[PDB]
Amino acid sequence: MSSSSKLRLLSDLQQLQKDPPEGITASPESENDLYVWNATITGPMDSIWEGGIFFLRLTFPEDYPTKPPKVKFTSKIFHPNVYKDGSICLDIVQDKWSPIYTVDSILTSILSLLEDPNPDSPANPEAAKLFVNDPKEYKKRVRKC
């Protein structure tokens, strides 16, 4: 189980280093622990996110990819699917996890959440209600966290 999770994490990193997705970076924090990663994503170049860069922490279980990583924002953010501690409500790293998802797919999915939030799972109900009912105020709260 230890060698298989190491090998899969090595494989996920090799994929990212070969074809890095636009605006996304990710890697182990230290070469001695493949199970704790830092990542950055670049928000859409629109009037809400303004190309802002956000920091994330991914921590992987010992039996990855059978179980998903835990992913959280370490940058502060105002967003319908992000809890106060930065943890993200995203079903593909939760109830809908599948070993088919690499770090690349996970981070690509999280960037999509930024530009297109899911109002159905409001981790942040205030943000969700503004996104749905008052977009000008939503944008205001996004830009001043």
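Residues carry their position along the shown sequence, with the first being 1.
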Tell me which of 23 to 31 and 116 to 124 has the higher mean C-alpha B-factor in the deposited entry.
-> 116 to 124
With reference to the PDB entry, specify whether the mean Cα temperature factor is higher for 74 to 82 or for 39 to 47.
-> 39 to 47
Taking the values exactly as deposited, rank residue 130 by C-alpha B-factor within its chain and report the matching third: lowest, middle or highest.
-> middle
If you rank every modelled residue in this chain by C-alpha B factor, which third holds residue 105: lowest, middle or highest?
-> lowest
Third of the chain's Cα B-factor distribution that residue 68 belongs to, per the entry | middle
Residue 53: CA B-factor among chain residues, third -> lowest
